[PDB]
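K.L.:
Show me how the following folds:
(chains A and B)
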Amino acid sequence: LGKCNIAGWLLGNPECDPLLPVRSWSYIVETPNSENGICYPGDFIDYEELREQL
Amino acid sequence: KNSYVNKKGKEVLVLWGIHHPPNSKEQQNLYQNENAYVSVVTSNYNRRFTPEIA
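P.N.:
Residues are numbered from 1 along each chain as shown, chains lettered A, B, ... in the order given. Here you go:
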């Protein structure tokens, strides 16, 4: 996921467009600087369960 | 409306109640507005509260 997190990839944040064609994986990786998530403020309802599904 | 900026450099724990009458007469007596409400919000908090009269 690199510079992005789970929420920026799943919502399709413009800064996470390199992650949108990724079909398959063996495991998912973030970094300590995975800040490009939600790009307009609010909340993500049941986020903790969504990354548990994924 | 009333607003406070946290300038303590520390996590400011704020508490508030919300009134719920037993009857619509007390709603008018103490608050003027029958369809009263409260909304308390921050940068990452968003809630609206509405009096349940019964």
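K.L.:
need the residues of chain B near chain A, please.
P.N.:
For chain B, the residues in contact with chain A (CB under 8 Å from any CB of the partner chain) are B:43, B:44, B:46. All C-beta spots, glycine's among them, are computed from the backbone N, C-alpha and C.
K.L.:
Out of the residues you listed, which comes closest to residue A:35?
P.N.:
residue B:44 (14.8 Å; CB to CB).
K.L.:
tell me the contacts of that closest one?
P.N.:
Shown in contact with residue B:44 (CB atoms under 8 Å, 6 or more residues apart in numbering or on different chains): A:41, A:43.
K.L.:
Try it again at 10 Å.
P.N.:
With contact taken as CB atoms under 10 Å, 6 or more residues apart in numbering or on different chains, residue B:44 is in contact with A:41, A:42, A:43.
K.L.:
could you pick out which of those residues are near chain B?
P.N.:
A:41, A:42, A:43 (CB under 10 Å from any CB of the partner chain).
K.L.:
now the residue nearest the centre of chain B, nearest residue through space, not along the chain?
P.N.:
Chain B has residue B:38 as the residue nearest its centroid, 3.7 Å off, counting by CA atoms, centre = their mean. Closest residue to residue B:38 apart from its sequence neighbours, by CB to CB, 6 or more residues apart in numbering or on different chains: residue B:49 at 4.4 Å.
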